[PDB]
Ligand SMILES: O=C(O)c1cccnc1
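Just the one chain here, laid out as structure tokens, in the form deposited without this ligand.
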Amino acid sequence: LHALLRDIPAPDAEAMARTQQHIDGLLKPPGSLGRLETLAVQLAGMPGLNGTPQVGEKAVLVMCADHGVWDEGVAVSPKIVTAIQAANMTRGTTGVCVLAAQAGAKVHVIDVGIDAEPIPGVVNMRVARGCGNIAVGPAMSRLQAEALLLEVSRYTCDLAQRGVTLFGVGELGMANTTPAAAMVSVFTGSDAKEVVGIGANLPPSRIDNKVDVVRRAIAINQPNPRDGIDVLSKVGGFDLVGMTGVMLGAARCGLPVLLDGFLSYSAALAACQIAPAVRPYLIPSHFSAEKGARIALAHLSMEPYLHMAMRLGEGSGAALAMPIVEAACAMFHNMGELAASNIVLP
């Protein structure tokens, strides 16, 4: 694992400079395509893309797991929904499946800790049947977190060998907005009340209890904000760990990864704490409707492209943004040049 973090490549400034120059000469007023231009340049600097903004195969990895904190009454969705939805992911009827299909991406469903019998068709990487209740103790041991990080990281960069050049991350786990809020609070130093949302339609009256649960988890576990793995193992979850693993793996592979919503922002905070070198590889997708989204994004210094007031999760936002990444590549490679049209601008 120390080798993994050590070997994450820095961005290629040389390719980025060549990219910027090419974009400047395209058929349009310099800088007029805004964030589409900066995105293209960002892509060009990723070693796994061979010096140019390009998109080959696309995949969305959905990490599924159950949480012991569900027993604290922080979620109104039945716990069994995690397992039922995981199965639906194999039949292509879920939100992410439908949107990924639209973007031409393949969905990989991974079980990292569902509290149910194994589901045929789902990639098995389960650590245990649900993680520990963070309200009374740690979600898992440090060893379990490190082991999963490596496992998911390897699987991720392995897909790169199959032609995948663009990743999207997602999750599935009832009650996971609680550990997500805990992590955001710890990493950003914000009070729990400022980052606890209603998740999957939690009644406004049950919010108080959720905030209390978040504080108890932090108080009881005392996670170290400077240790991303300590935070993940103490107040995170198997799914959160898995998402962080995808980011570390894509980064090691020198490839881009599209974030999704609030759950993914929490995992990105951890990933960047563990290895700041991961940051240049992350691409935001949408601006989650979850209460603590603004805070999490500010700390990641990210501004999403899409404002859809979405809060489904599953990696649905990541899939919705894939066309945008392809659009930046199309602009770069297919637009004509000013010089060719004898157009000269100041």
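One rule holds for the numbers: they count along the sequence shown, beginning at 1.
The following text describes the form deposited with this ligand bound, which does not appear among the structures shown.
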Look at the stretches 36-44, 299-307, 50-58, 285-293 and give the one with heavy atoms within 4.5 Å of this ligand in the bound PDB entry. 285-293
The single option of 123, 147, 136, 200 touching this ligand in the bound PDB entry, heavy atom within 4.5 Å: 200
Answer with one of 261, 223, 249, 256: the residue that has a non-hydrogen atom within 4.5 Å of this ligand in the bound PDB entry. 261
Given that the partner is absent here, does residue 156 sit within 4.5 Å of this ligand in the bound PDB entry, heavy atoms only? no
Check whether residue 177 has any heavy atom within 4.5 Å of a heavy atom of this ligand in the bound PDB entry, and answer yes or no. yes
Can you tell me whether residue 278 touches this ligand? I mean in the bound PDB entry, with a 4.5 angstroms heavy atom cut-off. no
In the bound PDB entry, does residue 312 come within 4.5 Å of this ligand, counting heavy atoms only? yes
Across 38-73, which residues bring a heavy atom to within 4.5 Å of this ligand in the bound PDB entry? none
